[PDB]
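Protein chains in written order, with our numbering: chain A, 1357 to 1770; chain Y, 1357 to 1770. Here a beta-carbon is modelled for each residue, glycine too, at the ideal position from N, C-alpha and C.
Take a look at the structure:
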């Protein structure tokens, strides 16, 4: 009652073959390889993990750790003042500031190592393999639908997390690290659980059914028999005895088909003109035309020759430029420019990362909220630069600076 | 009695098929992918929510929170002066200013977290699904009409608000934030109800009737039988025989049709010239012309040959430029360029955001209020920078600065 098959039809297979370059290729299509890059998602995961780790810090625990470090070094301010026996406030303040700076550097590098360990643990799951981001992107590019199958199970990411966390020696060395780990454990476990729950269906196996009257989707895997959900980003259109998607490939399809047909005709015409001389016959390296079978009681009037050969450079150039412009504007890809002449730099714009990465996490993966998203510049930015940027901009720095200021004031005033 | 159907006619279906690119495609048409972007509406929602949250802050609650924080830290100004025992008012003023600054940073991060939570709650349902902004835009671009259907119901947005607001622990932490939230709750509920009540009809199901004698519109859904309202932004014209709309696609239609027909004729002529030699016959790889099928008391006088092949590159280029100029001048889209490079970025102008987003919220969504609209520059800005700007220019900055100045004066005069 109103159901119809959508995906296993030859049209989408032809779309995917076009995406693989099975018919024709152009320089401008190469931009698509940057669209599938998994840099933005990994950067977002790094930012989320950094925020989650640094949001568990406690001021009192940090103060206790600093006091313990000072006691271990035996560098209490009064002892140093009574050893130096001078009223040089600037010198003793500089000494205390240097000690605090060394402690800050050691804490920063320990936190960086722990955070990088967490990021490395989370890395293999998302960008490739199960629930891979390029699979989502080419799902969007071909159809506009992203079928998903869900089942509540454990996975390897959680196993790696539980193996790594329990044996980590950094917890036994710093109370702050252990407290942050134990407070953020449930969140990380839930995040990995969400990672391992979802699975984007492969292109060659899944089935999609659409009903026009009710306007609902059905997606199932014919092998396992499992039913899932069908996510739609831009909806298709029903024109009666047809279905027309609004994916970029759908828009670019007629031009590609026309250019391919032109190239085939050009090749066929080229192979015809191999011979140099051609001779015609009639009723009273070389190719002969015999018209005896058709000249029966017939008289020849005239004979014309015109060796036409089509040209297809302009069509290929236009198709390449069209592909580049369509992929740049549709996915909102930002290109950096040199001073003059050529330009070579491709990255994701802020609008692109928002409108594509955020729906991925929110709906496709159903992960919990990850906080404020990164900007478009942070994708270009490196790992350590992002780490110490978020370290500076977080509230962990304020407690450390306040402690340093109070300690320096107490040292210099006494 | 004067009613005539409008929308299910083949003309509008052909207009939509033109938008999907059935009748060819050009690089100029790709600018349409920026007109349908949902950045402006999300920016407006963020600004409205930020204003609603910031306007509800209370001076007395903030003063009480400041006193409580001072008591918790034990930072009584007189006690600190009696402890330090020095006449350096600059040092104590700097200490108080630093404490106020750290509290400012913590309050800012908590407010940002709560505001981002609300924005994430409102985001999924606004620009897509019900009241889909791209659907509104392509309704405007095809016809000039935006049919709507309304019903008073709750929805997922209200449920998400109910779950998030009452289960967020931030309310139990700061009295000021909870007080502002409980003041702003009714407005957020009304906004969510406005989101959930309005639905924009799909292009493939709804029906539209017009009657020129009275000048009235009728819109109905043939499936559910529900009757809605028909909104008009630029009115159409009635010429007796037909109804002529004034949407951009209507103006650009004849040029598109002419170019498509020219391309078809060029292809047909191209397929004819695949034969190198052509032969003619008459009464006393190869193509034979037997004109003796008609020869009866006849005599051949002369023969001619002229293999014409039309060219269509200039037409395609002109059509692309016309498409780009029409879209830019109609939707008022601002284009940015480098020193010599073209299309550094594409963004909505202030006139565009006003004249398109504001009528959307005011009529289609029937939102109660959106506050002062943002400029075109705020679209480029990210969420965090926009939040910083609105926080700087809001009412709350008055109370915070006044309290900080008064406390600094009291500390330095203690």
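Alpha carbon of residue i to alpha carbon of residue j, nearest angstrom
| i | j | result |
| --- | --- | --- |
| residue 1506(Y) | residue 1592(A) | 23 Å |
| residue 1732(Y) | residue 1676(A) | 32 Å |
| residue 1609(A) | residue 1694(Y) | 32 Å |
| residue 1358(A) | residue 1496(Y) | 30 Å |
| residue 1698(A) | residue 1483(A) | 31 Å |
| residue 1397(A) | residue 1376(Y) | 30 Å |
| residue 1681(Y) | residue 1400(Y) | 27 Å |
| residue 1391(A) | residue 1498(A) | 13 Å |
| residue 1705(Y) | residue 1601(A) | 30 Å |
| residue 1428(Y) | residue 1530(Y) | 14 Å |
| residue 1735(A) | residue 1395(A) | 7 Å |
| residue 1692(Y) | residue 1363(Y) | 37 Å |
| residue 1455(Y) | residue 1589(A) | 48 Å |
| residue 1504(Y) | residue 1554(Y) | 7 Å |
| residue 1452(Y) | residue 1767(Y) | 7 Å |
| residue 1687(A) | residue 1740(A) | 28 Å |
| residue 1424(Y) | residue 1417(Y) | 10 Å |
| residue 1374(A) | residue 1494(A) | 12 Å |
| residue 1431(A) | residue 1437(A) | 10 Å |
| residue 1623(Y) | residue 1701(A) | 39 Å |
| residue 1611(Y) | residue 1603(A) | 25 Å |
As assigned by DSSP and simplified to three states, the class of residue i
| i | result |
| --- | --- |
| residue 1634(Y) | strand |
| residue 1688(Y) | coil |
| residue 1642(Y) | strand |
| residue 1748(Y) | helix |
| residue 1566(Y) | strand |
| residue 1729(A) | coil |
| residue 1375(Y) | helix |
| residue 1665(Y) | coil |
| residue 1389(A) | helix |
| residue 1359(A) | strand |
| residue 1658(A) | strand |
| residue 1366(Y) | helix |
| residue 1436(A) | helix |
| residue 1300(A) | This structure leaves residue 1300(A) out entirely; chain A is present only between 1357 and 1770. |
| residue 1505(A) | strand |
| residue 1381(Y) | coil |
| residue 1719(Y) | helix |
| residue 1603(Y) | coil |
| residue 1705(A) | coil |
| residue 1629(Y) | coil |
Cβ-heavy atom distance, residue i to the ligand GDP, below 7 Å
| i | result |
| --- | --- |
| residue 1646(Y) | Absence of the ligand GDP from the depicted structure is noted, as is the absence of any ligand whatsoever, leaving it without description. |
Discussion item. Assess contact between the stretch 1617-1632 of chain A and the stretch 1659-1677 of chain A, defined as three or more Cβ pairs (one per stretch) separated by less than 8 Å. Is contact present?
Written reply: Yes: the two stretches touch, three or more of their Cβ pairs being nearer than 8 Å.
Worksheet item: Which residues, taken in chain order from the stretch 1649-1675 of chain Y, show a beta carbon closer than 7 Å to some beta carbon of chain A?
Response: Residues of the stretch 1649-1675 of chain Y with a Cβ closer than 7 Å to any Cβ of chain A, in chain order: 1656, 1659, 1661, 1663 and 1669.
Item to complete: Using a Cβ-Cβ cut-off of less than 9 Å, list which residues of the stretch 1717-1739 of chain A approach chain Y; keep chain order.
Response: Residues 1718, 1719, 1725, 1727, 1728, 1729, 1731 and 1732.
Worksheet item: In chain order, what residues of the stretch 1404-1437 of chain A put their CB closer than 9 Å to some CB of chain Y?
Response: Residues passing the 9 Å Cβ filter: none.
Discussion item. Check whether the stretch 1646-1663 of chain A and the stretch 1640-1650 of chain Y touch, using three or more Cβ-Cβ pairs below 8 Å as the test.
Written reply: The count of Cβ pairs closer than 8 Å, one atom from the stretch 1646-1663 of chain A and one from the stretch 1640-1650 of chain Y, reaches three, so the stretches are in contact.
Worksheet entry | contact_flag[the stretch 1470-1490 of chain Y, the stretch 1440-1454 of chain Y] where n(CB pairs < 8 Å) is 3 or more | The stretch 1470-1490 of chain Y is not in contact with the stretch 1440-1454 of chain Y.
Worksheet item: At a cut of 8 Å, does the stretch 1517-1524 of chain Y reach the stretch 1550-1562 of chain Y through at least three beta carbon pairs?
Response: Output reads no: the stretch 1550-1562 of chain Y does not touch the stretch 1517-1524 of chain Y.
Practice prompt. Would you mind listing the alpha helix (DSSP H) stretches within the stretch 1392-1427 of chain Y that are 4+ residues and don't spill past its ends, in chain order?
Written response: List check, alpha helix (DSSP H) in window: 1395-1411.
Discussion item. Does the stretch 1402-1412 of chain A come into contact with the stretch 1468-1482 of chain A, if we say contact requires no fewer than three beta-carbon pairs (one atom in each stretch) closer than 8 Å?
Written reply: When C-beta atoms of the stretch 1402-1412 of chain A are compared with those of the stretch 1468-1482 of chain A, three or more pairs fall below 8 Å, so the two segments count as touching.
Discussion item. Using a Cβ-Cβ cutoff of 8 Å, what residues of the stretch 1388-1403 of chain Y are near chain A? List them in chain order.
Written reply: From the stretch 1388-1403 of chain Y, only 1389, 1390, 1393, 1394 and 1395 have a Cβ closer than 8 Å to chain A.
Worksheet item: If we count Cβ pairs, one from each stretch, closer than 8 Å, do we get three or more for the stretch 1559-1579 of chain A versus the stretch 1526-1545 of chain Y?
Response: With a cut-off of 8 Å on Cβ pairs, the stretch 1559-1579 of chain A is not in contact with the stretch 1526-1545 of chain Y, counting fewer than three such pairs.
Item to complete: Could you please tell me which residues of the stretch 1605-1635 of chain A, in chain order, have their CB closer than 9 Å to any CB of chain Y?
Response: 1606, 1607, 1608, 1609, 1610, 1611, 1614, 1617, 1618, 1621, 1624, 1625, 1628, 1629 and 1634: these are the residues of the stretch 1605-1635 of chain A whose beta carbon lies less than 9 Å from some beta carbon of chain Y, given in chain order.
Discussion item. Residues of the stretch 1508-1529 of chain Y in Cβ contact with chain A at a cutoff of 7 Å, in chain order, please.
Written reply: Along the stretch 1508-1529 of chain Y, none of the residues has a CB nearer than 7 Å to a CB of chain A.
Worksheet item: Using 8 Å as the threshold, is the stretch 1368-1383 of chain Y in touch with the stretch 1702-1710 of chain Y, meaning 3 or more CB pairs across them?
Response: Output reads no: the stretch 1702-1710 of chain Y does not touch the stretch 1368-1383 of chain Y.
Discussion item. For the pair the stretch 1622-1639 of chain Y and the stretch 1620-1638 of chain A, tell me if three or more CB-CB distances fall below 8 Å.
Written reply: Yes, they touch.
Item to complete: Taking a Cβ distance cut-off of 9 Å, strictly less, list which residues of the stretch 1453-1480 of chain Y are near chain A, in chain order.
Response: Under the 9 Å Cβ criterion, the stretch 1453-1480 of chain Y contributes 1454, 1455, 1457, 1458, 1461, 1462, 1465, 1468, 1469, 1472, 1473, 1476, 1479 and 1480.
Practice prompt. Ignoring anything shorter than 3 residues or poking outside the stretch 1530-1598 of chain Y, list the beta strand (DSSP E) runs there in chain order.
Written response: Those beta strand (DSSP E) runs which fall completely within the stretch 1530-1598 of chain Y and span 3+ residues are 1554-1556, 1563-1567, 1572-1576 and 1585-1588.
Worksheet item: Taking a cut of 7 Å between CB atoms, which residues from the stretch 1747-1769 of chain Y lie near chain A?
Response: For the stretch 1747-1769 of chain Y, the beta-carbon criterion of a distance under 7 Å to any beta-carbon of chain A is satisfied by none of its residues.
Worksheet item: What residues from the stretch 1551-1573 of chain Y come within 7 Å of chain A, judged by C-beta to C-beta, listed N to C?
Response: Listed by position, the residues of the stretch 1551-1573 of chain Y near chain A (Cβ gap below 7 Å) are 1559 and 1560.
Practice prompt. Report the residues of the stretch 1700-1711 of chain Y with a CB closer than 9 Å to any CB of chain A, ordered along the chain.
Written response: Answer in chain order: 1700, 1701 and 1702.
Worksheet entry | chain Y contacts made by the stretch 1592-1605 of chain A, where a contact means CB separation under 7 Å | From the stretch 1592-1605 of chain A, only 1593, 1594, 1595, 1600 and 1602 have a Cβ closer than 7 Å to chain Y.
Fill in: Any 3 or more C-beta pairs closer than 8 Å across the stretch 1433-1445 of chain Y and the stretch 1751-1759 of chain Y
Touching, no, given that fewer than three Cβ pairs across the two stretches are closer than 8 Å.
Discussion item. Which residues of the stretch 1358-1381 of chain Y have a Cβ closer than 8 Å to any Cβ of chain A? Give them in chain order.
Written reply: Here the close residues are 1369, 1372, 1373, 1376, 1377, 1378, 1380 and 1381.
Practice prompt. Identify each residue in the stretch 1572-1588 of chain Y for which the Cβ-Cβ distance to at least one residue of chain A is less than 8 Å, and report them in chain order.
Written response: Within the stretch 1572-1588 of chain Y, contact with chain A at the beta-carbon level (separation under 8 Å) is assigned to 1579.
Worksheet item: Name the residues in the stretch 1674-1698 of chain A whose C-beta lies less than 7 Å from a C-beta of chain Y; which are they?
Response: Against chain Y - using a Cβ distance shorter than 7 Å - the residues of the stretch 1674-1698 of chain A are 1677, 1678, 1681, 1682, 1685, 1686, 1693 and 1696.
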